[PDB]
Amino acid sequence: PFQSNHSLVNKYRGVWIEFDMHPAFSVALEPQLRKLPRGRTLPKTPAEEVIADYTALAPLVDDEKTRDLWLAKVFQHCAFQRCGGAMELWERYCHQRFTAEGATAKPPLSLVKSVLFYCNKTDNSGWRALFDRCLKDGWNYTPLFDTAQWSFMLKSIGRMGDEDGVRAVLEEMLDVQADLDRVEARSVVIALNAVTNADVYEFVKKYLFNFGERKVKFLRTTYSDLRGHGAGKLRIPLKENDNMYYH
Amino acid sequence: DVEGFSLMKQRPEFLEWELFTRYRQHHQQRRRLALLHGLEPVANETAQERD
Amino acid sequence: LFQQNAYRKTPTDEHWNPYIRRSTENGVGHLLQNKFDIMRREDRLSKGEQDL
Amino acid sequence: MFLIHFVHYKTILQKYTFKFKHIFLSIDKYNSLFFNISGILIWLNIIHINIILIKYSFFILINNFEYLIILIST
Amino acid sequence: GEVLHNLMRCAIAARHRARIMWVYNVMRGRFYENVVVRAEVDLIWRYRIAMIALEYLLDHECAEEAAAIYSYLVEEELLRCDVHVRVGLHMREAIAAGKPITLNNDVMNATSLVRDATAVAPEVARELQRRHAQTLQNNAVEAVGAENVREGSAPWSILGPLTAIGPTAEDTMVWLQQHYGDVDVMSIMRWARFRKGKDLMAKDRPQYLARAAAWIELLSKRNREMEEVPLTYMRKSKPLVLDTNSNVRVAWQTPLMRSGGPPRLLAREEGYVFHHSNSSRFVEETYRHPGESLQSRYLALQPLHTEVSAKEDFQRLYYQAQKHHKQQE
Amino acid sequence: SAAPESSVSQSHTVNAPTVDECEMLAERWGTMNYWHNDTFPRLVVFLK
Amino acid sequence: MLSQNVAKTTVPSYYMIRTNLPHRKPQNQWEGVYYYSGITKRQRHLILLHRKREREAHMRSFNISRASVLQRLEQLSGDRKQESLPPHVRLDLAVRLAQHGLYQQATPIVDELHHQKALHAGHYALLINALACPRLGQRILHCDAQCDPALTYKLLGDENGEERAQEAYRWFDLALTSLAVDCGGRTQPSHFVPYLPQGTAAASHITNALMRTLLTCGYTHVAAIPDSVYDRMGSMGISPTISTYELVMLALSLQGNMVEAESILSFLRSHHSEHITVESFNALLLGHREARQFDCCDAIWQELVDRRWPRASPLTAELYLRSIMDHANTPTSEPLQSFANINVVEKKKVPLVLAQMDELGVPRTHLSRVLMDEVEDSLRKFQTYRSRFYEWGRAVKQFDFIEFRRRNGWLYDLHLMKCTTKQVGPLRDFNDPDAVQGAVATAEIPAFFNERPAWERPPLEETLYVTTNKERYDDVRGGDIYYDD
Amino acid sequence: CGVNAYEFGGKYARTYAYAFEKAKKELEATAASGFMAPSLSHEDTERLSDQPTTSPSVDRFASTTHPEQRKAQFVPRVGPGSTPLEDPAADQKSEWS
Amino acid sequence: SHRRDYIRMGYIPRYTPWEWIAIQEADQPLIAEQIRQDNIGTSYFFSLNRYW
Amino acid sequence: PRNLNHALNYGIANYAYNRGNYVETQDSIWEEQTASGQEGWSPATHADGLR
Amino acid sequence: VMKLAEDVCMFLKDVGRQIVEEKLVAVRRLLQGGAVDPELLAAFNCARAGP
């Protein structure tokens with residue numbers, strides 16, 4: 001197989017949302033959609049403006065598919081801008097349809113992607129509910145997830161102190177055949193840094209054998225660089241955990 | 001080139017092979033004359049044209 | 001016998017590659033897969049022409 | 001409950017042969033051509049040993065890995 | 001999308017039949033260009049490029065390329081983007097000032113494009129039927145290959161595979177859907193207008209009618225099957241019994257060609273195959289009668305190969321027979 | 001199995017005229033040697 | 001630890017200075033440059049999952065369409081059974097039922113229509129064409145025919161073709177009766193009765209529809225088309241058309257008979273020019289592919305490239321490409337399988353035909369997904385650019401290939417890693433045995449060239465014995481550094 | 001009266017019932033997936049928990065990591081030519097047509 | 001392959017067999033732009049002022 | 001039937017020409033070859049015997 | 001270099017014979033009958049003023 005030591009220069013370098021809006025509604029909402037991100041283009045419109053526009057014009061659309069796609073685009077834009085307040089829209093348009101107590105209405109694969117990406121970007125604690133609801137028993141959207149989505153999720157949960165979440169996500173990826181060798185090395189290091197719990201630590205010890213030889217050999221270098229010169233390139237300084245680094 | 005000649009055994013009789021060679025040369029000259037003049041064997045020739 | 005069928009689950013166990021799959025040593029039973037092909041083969045055999 | 005002492009019958013039909021050669025039958029060997037060698041000259045700094053039956057005919061070969069050895073009509 | 005549309009316009013200006021297909025192919029793209037790089041083209045832009053290519057192909061009779069583009073449009077469900085953009089503009093206006101808007105079949109049909117196309121459909125149907133009749137008569141005339149005393153009548157022209165139109169407008173719509181249902185005349189009616197920014201439907205009708213009929217005929221497989229001329233019947237061949245030449249072979253003769261003849265069975269039953277080459281002669285063979293003498297006793301039999309045609313023209317035979325019967329009467 | 005493609009020139013050899021060739025003779029083109037061939041001339045058949 | 005990392009370098013000593021022994025083996029001139037054209041064992045799973053999902057989507061779409069037509073039938077005929085449905089409404093319902101593979105439901109409707117004389121000349125042909133189940137064919141092509149047009153006919157025939165064929169024959173006879181009645185009515189004063197309705201174009205259209213729908217019934221009816229249907233048409237006096245000739249060609253191609261299929265197209269070429277479409281060419285391509293005549297298939301493709309008219313269709317391009325693929329995925333015999341499979345080279349001409357498709361205007365994206373996967377594999381195997389050629393075969397890339405081979409345990413064919421421990425001596429001839437011979441040149445030739453006879457060898461040696469080749473630790477004056485125990 | 005002398009009687013009746021139920025499920029899945037059967041080795045399954053225990057997907061070779069031990073017989077074998085046979089690669093196990 | 005005297009008896013072939021020809025041809029890939037194909041023409045105002 | 005001329009040679013074969021006649025047999029072979037395309041006019045190369 | 005030239009010449013002789021044979025088959029089939037391409041006819045009818 002073709003394995004280049006250099007990363008692919010033409011990859012998307014992000015998370016895709018599959019904006020498959022109906023053409024009539026796209027023409028209708030185009031003046032509002034110009035602010036929202038398009039393919040590989042991120043406008044500079046502030047998140048609060050598009051949030052206000054959506055919360056004002058949502059009843060007018062009166063179609064569930066395009067409303068969900070527009071809300072997914074809004075969440076993606078808010079995640080890209082790192083806007084603090086966006087869970088209000090999720091609370092306003094999630095409980096009454098999807099997860100109040102027992103609602104079985106499955107959302108399309110745009111809202112889930114957008115909300116997971118927003119949680120990853122903002123270190124939100126609401127990722128866990130949707131991750132639990134996306135398992136094989138519920139929505140079964142885990143196989144549809146992307147490698148970049150997994151990498152961002154791992155990084156966010158690693159810079160969260162949630163060893164239980166890291167273990168659960170690793171088990172879910174192992175069961176769902178996620179790319180263990182295509183995930184970002186820095187994200188993997190961040191996720192594995194928070195293994196202070198013993199059982200989790202043992203799980204990671206038996207889990208490292210899944211990754212490839214090159215992957216682990218470069219994870220070692222990534223961990224060493226982050227604990228050395230990589231503090232500058234890290235957005236948040238890496239918490240000291242000598243046992244996992246040594247292992 | 002031996003088709004349609006006098007019956008010949010494993011060892012032909014005296015001068016029979018020489019007569020066969022004479023007949024072969026006669027047919028070679030006949031086809032040479034046919035090519036020199038007209039009357040060439042054409043691809044899609046009926047019985048009347050061939051005759 | 002061990003060399004022939006040591007860990008053989010099906011006769012077509014090693015038919016993952018086309019070169020092995022299309023071999024005509026044992027027969028054409030595995031190569032035949034539809035009734036149209038079966039009827040065509042039997043008609044050709046009855047007419048005397050070579051089997052495709 | 002047992003009702004009939006049946007005899008065991010096995011439809012064993014070995015009409016399919018699958019024999020695959022092992023990888024040691026496709027290894028390479030140091031095969032070489034041969035001709036009737038007619039002499040050898042071993043040459044050193046000063047000394048030289050010539051073991052010659054007859055003259056060279058068409059071929060003369062020279063090796064110098066350890067000694068300067070000249071094969072004559074090899 | 002804009003860059004690809006400009007490329008398509010450049011190729012249309014250059015009148016390049018292959019470069020339009022090339023730019024359409026690179027607009028559709030591959031998996032690497034759609035998922036790995038996520039550089040997918042806008043759906044509206046793809047529809048616009050497909051339409052500007054398709055109208056040119058229909059105008060210039062590039063039937064195969066036009067069929068491919070139409071099949072792509074059908075598989076992508078782009079047969080209603082022309083009304084979709086109008087509905088989108090109306091929904092824009094409603095969002096700005098008018099009212100909340102939702103997509104409905106009634107509002108889709110209420111657009112002027114669909115209503116005008118339906119209103120003008122019966123004239124296009126009549127024009128198409130008249131063109132089919134004219135070309136059927138022309139094919140019959142060229143099949144008989146004779147215009148002496150204007151005797152171009154052939155059985156081929158009589159009762160062609162096209163039913164008479166019903167008087168009512170609903171009958172016209174039913175006839176269009178019945179005879180050209182696969183081609184989806186509804187969308188082609190809306191496509192056929194707007195020639196270089198000029199609405200031919202509002203403008204001179206005959207140009208629009210001709211354009212629409214041509215588009216439907218070029219894009220319709222069933223219409224293409226209807227638009228066929230009568231071909232001469234290929235008679236089967238048999239190898240000679242007294243095989244003197246492989247190119248000369250016995251030709252099968254239909255009972256229509258055989259004035260008398262014994263009650264022969266079918267060609268396959270008697271033994272006959274499709275055999276024809278560059279240099280092939282079709283004859284009937286019969287050996288000369290051997291008189292009872294030394295020639296018959298000791299020599300071989302002389303065959304006679306009466307050369308006949310390699311085919312039979314049923315339309316020509318029918319025309320000749322009916323002309324002869326009329327002359328006798 | 002297939003015999004090798006014939007090396008005999010096809011566009012130069014002039015064969016006997018067939019019934020269909022005679023029928024389509026007026027529409028068919030041809031070389032001057034085709035029309036005044038040494039054997040089986042076609043101009044004579046056209047005139048006939 | 002794997003038993004293939006043989007110590008190529010000798011023990012350090014004064015020999016490396018005193019002697020002229022090379023410290024590496026010479027480069028192998030006839031060894032190809034290593035390049036990566038494989039699959040990570042996960043891309044295959046991904047493509048299989050994608051194909052399964054697309055197949056499920058196609059099945060869902062067909063099931064939705066069939067449920068819609070069934071519901072329409074139930075709410076129209078079962079409800080308004082007493083009410084006189086319009087003839088055109090009944091005709092379209094019957095056409096939809098026949099197209100969706102439901103010949104049982106449509107038959108009473110068309111029988112009632114024929115009894116009521118609602119049916120007409122074009123409508124009979126439309127019903128016969130609908131009886132071919134085009135929607136079922138479109139489903140099966142993308143679901144379980146592997147996008148093979150040749151296999152589509154066989155599968156559609158297996159879809160209860162005998163009943164459909166008999167219904168098609170019956171409808172053809174009814175259509176002939178209706179055409180006779182209509183011609184008698186219309187041509188009463190013209191005195192043209194004896195030549196009708198066989199002389200009419202409607203009869204040709206109806207018999208063309210009959211043959212087209214017989215193509216999807218089974219081997220018996222496909223074989224009977226040119227043997228019986230064509231002769232029946234000739235006996236009745238119906239003038240054939242280009243569609244008739246092309247349907248006959250397709251039936252012969254499906255049968256595998258290629259001489260007749262070429263003969264009919266030769267007749268068309270010699271007599272009816274400016275009337276031949278691409279259907280004849282792709283029918284010939286399909287027939288040669290079915291009959292394993294890839295050389296003839298390539299010849300036909302080259303002829304079609306030479307004569308631009310008629311234009312090459314995506315169907316023609318797909319047929320030729322998959323004929324190339326079938327040729328490339330075909331094994332030779334044991335004498336030719338000594339080194340490797342030689343037919344894999346047939347995929348090297350795929351870029352050539354793709355360039356020809358681009359020149360002709362045939363879309364590359366208008367091919368089937370499975371054929372596109374095979375084309376992508378062929379391009380990965382035999383495709384490169386000048387940019388990649390300027391940097392391929394670097395030392396790091398070659399050594400990474402070697403490391404991949406070491407990890408996968410396949411180091412036999414690598415030049416830098418292969419070690420030849422065994423050598424072959426000469427053979428003394430019984431004539432003139434007083435002369436000794438000597439080597440003049442040494443070549444690394446495979447073992448099977450000089451392998452000993454099977455009878456002069458222990459039977460089933462590989463399993464009956466375990467042989468290990470290892471080097472002796474003690475010094476050996478005579479030789480044989482590596483011996484096999 | 002002789003069910004105990006059969007595959008559908010005694011200890012194997014439960015096995016037969018399980019096989020029947022799984023065959024029904026697989027036939028329904030095949031009907032759903034365009035009348036094309038799922039691969040014998042469950043390579044089209046999205047989840048590793050959906051492949052059956054008896055499915056050929058699960059490997060049985062000892063030393064699943066080290067090569068030269070993932071072979072069916074005593075000595076490694078080759079197929080047509082010199083291609084590996086014991087454990088093929090994804091590009092090697094092409095299933096065209 | 002059938003020959004057993006390839007170098008033992010000095011049976012050196014002076015012509016490379018078609019099997020070896022096919023193997024050597026299929027070993028290496030093909031330069032995509034090695035094929036010449038153009039129909040648009042020559043870029044009079046471009047193809048030289050490209051990216052650096 | 002195919003065996004109308006069989007009596008000339010009885011059990012040997014079935015022919016249509018005079019197998020006894022050498023000239024006629026050679027002419028029949030010539031006609032068969034020129035009908036099958038083996039013989040006929042073709043462009044002349046230097047190797048062809050020109051004299 | 002001489003022996004290499006001989007080997008390559010024979011190989012190219014065989015390959016060229018095959019390719020020219022298939023091209024000759026195509027040319028003969030085209031000569032038997034064909035349809036004039038509308039693009040070709042338009043190309044011929046492109047001069048504003050003829051000869």
# chains A, B, ... in the order shown; residues from 1 in each chain; ligands from 1
call {"tool": "residues_around", "arguments": {"residues": "region 438-451 of chain G", "least_positions_apart": "6", "cutoff": "6 Å", "atoms": "only C-alpha atoms", "output": "PyMOL selection string"}}
result
(chain D and resi 25-35+37+74) or (chain I and resi 4)
call {"tool": "write_last_selection", "arguments": {"atoms": "C-alpha atoms", "output": "PDB file, in the first residue's frame"}}
result
ATOM      1  CA  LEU D  25      10.669 -24.943  -5.130  1.00  0.00           C
ATOM      2  CA  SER D  26      10.992 -21.412  -6.575  1.00  0.00           C
ATOM      3  CA  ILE D  27      14.274 -20.444  -4.902  1.00  0.00           C
ATOM      4  CA  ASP D  28      17.290 -19.529  -7.013  1.00  0.00           C
ATOM      5  CA  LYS D  29      20.458 -21.602  -7.324  1.00  0.00           C
ATOM      6  CA  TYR D  30      23.976 -20.792  -8.529  1.00  0.00           C
ATOM      7  CA  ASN D  31      23.692 -22.616 -11.835  1.00  0.00           C
ATOM      8  CA  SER D  32      26.674 -22.257 -14.146  1.00  0.00           C
ATOM      9  CA  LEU D  33      27.872 -23.108 -17.640  1.00  0.00           C
ATOM     10  CA  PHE D  34      30.716 -25.562 -18.151  1.00  0.00           C
ATOM     11  CA  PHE D  35      33.487 -26.177 -20.677  1.00  0.00           C
ATOM     12  CA  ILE D  37      39.117 -26.455 -18.881  1.00  0.00           C
ATOM     13  CA  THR D  74      37.510 -22.965 -19.589  1.00  0.00           C
TER      14      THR D  74
ATOM     15  CA  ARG I   4      16.025 -28.357 -18.039  1.00  0.00           C
TER      16      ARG I   4
END
call {"tool": "select_by_dssp", "arguments": {"residues": "chain C", "states": "helix (DSSP H, G or I)", "output": "VMD selection string"}}
result
chain C and resid 2 to 5 18 to 21 35 to 47
call {"tool": "interface_residues", "arguments": {"of": "chain A", "to": "chain H", "cutoff": "12 Å", "atoms": "only C-alpha atoms", "output": "list in words"}}
result
residues 1, 135, 136, 137, 140, 141, 142, 143, 144, 145, 171, 172, 173, 174, 175, 176, 177, 178, 209, 210, 212 and 213 of chain A
call {"tool": "write_last_selection", "arguments": {"atoms": "N, CA and C atoms", "output": "PDB file, in the first residue's frame"}}
result
ATOM      1  N   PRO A   1       0.823  -1.213   0.000  1.00  0.00           N
ATOM      2  CA  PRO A   1       0.000   0.000   0.000  1.00  0.00           C
ATOM      3  C   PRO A   1       0.854   1.258   0.000  1.00  0.00           C
ATOM      4  N   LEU A 135     -24.842   5.095  20.145  1.00  0.00           N
ATOM      5  CA  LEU A 135     -24.314   3.739  20.142  1.00  0.00           C
ATOM      6  C   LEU A 135     -25.168   2.837  19.251  1.00  0.00           C
ATOM      7  N   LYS A 136     -24.761   1.567  19.157  1.00  0.00           N
ATOM      8  CA  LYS A 136     -25.462   0.621  18.295  1.00  0.00           C
ATOM      9  C   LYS A 136     -26.902   0.405  18.741  1.00  0.00           C
ATOM     10  N   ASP A 137     -27.171   0.517  20.044  1.00  0.00           N
ATOM     11  CA  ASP A 137     -28.527   0.300  20.539  1.00  0.00           C
ATOM     12  C   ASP A 137     -29.468   1.426  20.131  1.00  0.00           C
ATOM     13  N   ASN A 140     -27.186   4.619  16.324  1.00  0.00           N
ATOM     14  CA  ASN A 140     -26.219   3.876  15.510  1.00  0.00           C
ATOM     15  C   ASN A 140     -25.556   4.773  14.467  1.00  0.00           C
ATOM     16  N   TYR A 141     -25.193   5.985  14.875  1.00  0.00           N
ATOM     17  CA  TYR A 141     -24.471   6.903  14.007  1.00  0.00           C
ATOM     18  C   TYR A 141     -22.962   6.802  14.168  1.00  0.00           C
ATOM     19  N   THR A 142     -22.480   5.925  15.048  1.00  0.00           N
ATOM     20  CA  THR A 142     -21.038   5.783  15.235  1.00  0.00           C
ATOM     21  C   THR A 142     -20.295   5.308  13.987  1.00  0.00           C
ATOM     22  N   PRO A 143     -20.765   4.314  13.220  1.00  0.00           N
ATOM     23  CA  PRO A 143     -20.028   3.948  11.998  1.00  0.00           C
ATOM     24  C   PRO A 143     -19.925   5.080  10.993  1.00  0.00           C
ATOM     25  N   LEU A 144     -20.879   6.008  10.994  1.00  0.00           N
ATOM     26  CA  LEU A 144     -20.860   7.132  10.069  1.00  0.00           C
ATOM     27  C   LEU A 144     -19.845   8.203  10.447  1.00  0.00           C
ATOM     28  N   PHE A 145     -19.232   8.109  11.624  1.00  0.00           N
ATOM     29  CA  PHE A 145     -18.288   9.125  12.063  1.00  0.00           C
ATOM     30  C   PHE A 145     -16.995   9.053  11.253  1.00  0.00           C
ATOM     31  N   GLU A 171     -12.968   2.109  23.418  1.00  0.00           N
ATOM     32  CA  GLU A 171     -13.672   0.847  23.209  1.00  0.00           C
ATOM     33  C   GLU A 171     -14.656   0.950  22.051  1.00  0.00           C
ATOM     34  N   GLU A 172     -15.375   2.072  21.961  1.00  0.00           N
ATOM     35  CA  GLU A 172     -16.334   2.251  20.877  1.00  0.00           C
ATOM     36  C   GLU A 172     -15.637   2.292  19.525  1.00  0.00           C
ATOM     37  N   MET A 173     -14.495   2.978  19.443  1.00  0.00           N
ATOM     38  CA  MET A 173     -13.732   3.009  18.199  1.00  0.00           C
ATOM     39  C   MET A 173     -13.221   1.623  17.830  1.00  0.00           C
ATOM     40  N   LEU A 174     -12.726   0.874  18.818  1.00  0.00           N
ATOM     41  CA  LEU A 174     -12.234  -0.472  18.546  1.00  0.00           C
ATOM     42  C   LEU A 174     -13.355  -1.372  18.043  1.00  0.00           C
ATOM     43  N   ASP A 175     -14.565  -1.201  18.582  1.00  0.00           N
ATOM     44  CA  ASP A 175     -15.699  -1.995  18.120  1.00  0.00           C
ATOM     45  C   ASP A 175     -16.220  -1.537  16.763  1.00  0.00           C
ATOM     46  N   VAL A 176     -16.118  -0.242  16.455  1.00  0.00           N
ATOM     47  CA  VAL A 176     -16.701   0.315  15.241  1.00  0.00           C
ATOM     48  C   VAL A 176     -15.691   0.438  14.107  1.00  0.00           C
ATOM     49  N   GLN A 177     -14.459  -0.038  14.308  1.00  0.00           N
ATOM     50  CA  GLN A 177     -13.440  -0.099  13.254  1.00  0.00           C
ATOM     51  C   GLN A 177     -12.980   1.295  12.833  1.00  0.00           C
ATOM     52  N   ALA A 178     -12.801   2.184  13.805  1.00  0.00           N
ATOM     53  CA  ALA A 178     -12.256   3.501  13.514  1.00  0.00           C
ATOM     54  C   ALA A 178     -10.776   3.394  13.159  1.00  0.00           C
ATOM     55  N   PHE A 209      -1.649  -2.238  22.036  1.00  0.00           N
ATOM     56  CA  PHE A 209      -1.248  -3.232  21.046  1.00  0.00           C
ATOM     57  C   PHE A 209      -2.053  -3.140  19.757  1.00  0.00           C
ATOM     58  N   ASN A 210      -3.190  -2.441  19.767  1.00  0.00           N
ATOM     59  CA  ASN A 210      -3.985  -2.315  18.550  1.00  0.00           C
ATOM     60  C   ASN A 210      -3.298  -1.423  17.524  1.00  0.00           C
ATOM     61  N   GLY A 212      -0.475   0.563  15.224  1.00  0.00           N
ATOM     62  CA  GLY A 212       0.637   0.066  14.442  1.00  0.00           C
ATOM     63  C   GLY A 212       1.983   0.416  15.048  1.00  0.00           C
ATOM     64  N   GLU A 213       3.013  -0.266  14.542  1.00  0.00           N
ATOM     65  CA  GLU A 213       4.372  -0.038  15.026  1.00  0.00           C
ATOM     66  C   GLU A 213       4.825   1.389  14.744  1.00  0.00           C
TER      67      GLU A 213
END
call {"tool": "residues_around", "arguments": {"residues": "residue 15 (chain I)", "least_positions_apart": "3", "cutoff": "12 Å", "atoms": "only C-alpha atoms", "output": "list in words"}}
result
residues 11, 12, 18, 19, 20 and 21 of chain I; 3, 4, 5, 6, 7, 8, 9, 10 and 11 of chain K
call {"tool": "interface_residues", "arguments": {"of": "chain E", "to": "chain I", "cutoff": "12 Å", "atoms": "only C-alpha atoms", "output": "list in words"}}
result
residues 7, 10, 11, 14, 15, 16, 17, 18, 19, 20, 22 and 23 of chain E
call {"tool": "write_last_selection", "arguments": {"atoms": "N, CA and C atoms", "output": "PDB file, in the first residue's frame"}}
result
ATOM      1  N   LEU E   7     -15.791  27.618 -18.339  1.00  0.00           N
ATOM      2  CA  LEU E   7     -15.161  26.641 -19.224  1.00  0.00           C
ATOM      3  C   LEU E   7     -16.169  26.073 -20.215  1.00  0.00           C
ATOM      4  N   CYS E  10     -16.836  28.622 -22.857  1.00  0.00           N
ATOM      5  CA  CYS E  10     -15.721  28.659 -23.798  1.00  0.00           C
ATOM      6  C   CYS E  10     -15.803  27.505 -24.789  1.00  0.00           C
ATOM      7  N   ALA E  11     -16.124  26.307 -24.301  1.00  0.00           N
ATOM      8  CA  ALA E  11     -16.219  25.154 -25.191  1.00  0.00           C
ATOM      9  C   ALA E  11     -17.411  25.275 -26.136  1.00  0.00           C
ATOM     10  N   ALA E  14     -16.298  27.587 -28.798  1.00  0.00           N
ATOM     11  CA  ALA E  14     -15.396  26.865 -29.684  1.00  0.00           C
ATOM     12  C   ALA E  14     -16.094  25.760 -30.465  1.00  0.00           C
ATOM     13  N   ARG E  15     -17.346  25.442 -30.127  1.00  0.00           N
ATOM     14  CA  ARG E  15     -18.114  24.395 -30.805  1.00  0.00           C
ATOM     15  C   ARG E  15     -17.389  23.053 -30.736  1.00  0.00           C
ATOM     16  N   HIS E  16     -16.763  22.787 -29.591  1.00  0.00           N
ATOM     17  CA  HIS E  16     -15.980  21.574 -29.382  1.00  0.00           C
ATOM     18  C   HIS E  16     -16.895  20.503 -28.799  1.00  0.00           C
ATOM     19  N   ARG E  17     -17.108  19.423 -29.554  1.00  0.00           N
ATOM     20  CA  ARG E  17     -18.018  18.375 -29.106  1.00  0.00           C
ATOM     21  C   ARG E  17     -17.410  17.505 -28.014  1.00  0.00           C
ATOM     22  N   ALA E  18     -16.084  17.395 -27.964  1.00  0.00           N
ATOM     23  CA  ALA E  18     -15.438  16.553 -26.966  1.00  0.00           C
ATOM     24  C   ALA E  18     -15.025  17.324 -25.721  1.00  0.00           C
ATOM     25  N   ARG E  19     -14.681  18.605 -25.860  1.00  0.00           N
ATOM     26  CA  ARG E  19     -14.264  19.367 -24.691  1.00  0.00           C
ATOM     27  C   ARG E  19     -15.442  19.685 -23.777  1.00  0.00           C
ATOM     28  N   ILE E  20     -16.650  19.818 -24.331  1.00  0.00           N
ATOM     29  CA  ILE E  20     -17.827  19.977 -23.480  1.00  0.00           C
ATOM     30  C   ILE E  20     -18.020  18.738 -22.617  1.00  0.00           C
ATOM     31  N   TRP E  22     -15.639  16.678 -21.766  1.00  0.00           N
ATOM     32  CA  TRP E  22     -14.525  16.647 -20.822  1.00  0.00           C
ATOM     33  C   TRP E  22     -14.792  17.544 -19.618  1.00  0.00           C
ATOM     34  N   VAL E  23     -15.267  18.769 -19.861  1.00  0.00           N
ATOM     35  CA  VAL E  23     -15.523  19.678 -18.749  1.00  0.00           C
ATOM     36  C   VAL E  23     -16.720  19.205 -17.932  1.00  0.00           C
TER      37      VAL E  23
END
call {"tool": "residues_around", "arguments": {"residues": "residue 52 (chain C)", "least_positions_apart": "4", "cutoff": "12 Å", "atoms": "only C-alpha atoms", "output": "VMD selection string"}}
result
(chain C and resid 24 28 31 to 32 37 to 45 48) or (chain G and resid 254 to 257 287 to 293)
call {"tool": "residues_around", "arguments": {"residues": "residue 33 (chain H)", "least_positions_apart": "3", "cutoff": "7 Å", "atoms": "only C-alpha atoms", "output": "compact mmCIF listing (two decimals) with N, CA, C and O atoms, in the first residue's frame"}}
result
# COMPACT_ATOMS: atom_id res chain seq x y z
N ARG G 55 -26.25 -0.56 -3.08
CA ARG G 55 -27.15 -1.64 -3.49
C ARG G 55 -28.43 -1.63 -2.68
O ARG G 55 -29.53 -1.81 -3.22
N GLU G 56 -28.32 -1.42 -1.36
CA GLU G 56 -29.50 -1.33 -0.51
C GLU G 56 -30.36 -0.13 -0.89
O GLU G 56 -31.59 -0.22 -0.87
N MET G 59 -32.26 -1.09 -4.02
CA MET G 59 -33.34 -2.01 -3.67
C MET G 59 -34.50 -1.27 -3.00
O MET G 59 -35.67 -1.54 -3.29
N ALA H 29 -32.05 -10.38 5.35
CA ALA H 29 -31.01 -9.41 5.04
C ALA H 29 -30.68 -9.39 3.55
O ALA H 29 -30.47 -8.32 2.97
N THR H 30 -30.61 -10.57 2.93
CA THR H 30 -30.35 -10.65 1.50
C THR H 30 -31.48 -10.00 0.70
O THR H 30 -31.23 -9.30 -0.29
N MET H 36 -28.68 -9.71 -3.14
CA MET H 36 -27.28 -10.07 -3.22
C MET H 36 -26.82 -10.47 -1.83
O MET H 36 -26.93 -9.68 -0.88
call {"tool": "closest_residue", "arguments": {"among": "G:99, G:262, G:271, G:141", "to": "residue 28 (chain F)", "atoms": "only C-alpha atoms"}}
result
G:271
call {"tool": "atom_distance", "arguments": {"atom1": "CA of residue 234 (chain E)", "atom2": "CA of residue 311 (chain E)"}}
result
4.8 Å
call {"tool": "closest_atom_pairs", "arguments": {"of": "chain E", "to": "chain K", "cutoff": "10 Å", "atoms": "only C-alpha atoms", "output": "tab-separated table"}}
result
residue	atom	partner	partner_atom	distance
E:17	CA	K:39	CA	9.4
E:61	CA	K:38	CA	9.7
E:277	CA	K:32	CA	9.4
E:278	CA	K:32	CA	6.6
E:279	CA	K:32	CA	9.8
call {"tool": "write_last_selection", "arguments": {"atoms": "C-alpha atoms", "output": "PDB file, in the first residue's frame"}}
result
ATOM      1  CA  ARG E  17     -18.018  18.375 -29.106  1.00  0.00           C
ATOM      2  CA  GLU E  61     -27.972  16.828 -32.774  1.00  0.00           C
ATOM      3  CA  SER E 277     -18.543 -11.637 -46.481  1.00  0.00           C
ATOM      4  CA  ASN E 278     -17.016  -8.919 -48.647  1.00  0.00           C
ATOM      5  CA  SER E 279     -16.916 -11.159 -51.744  1.00  0.00           C
TER       6      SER E 279
END
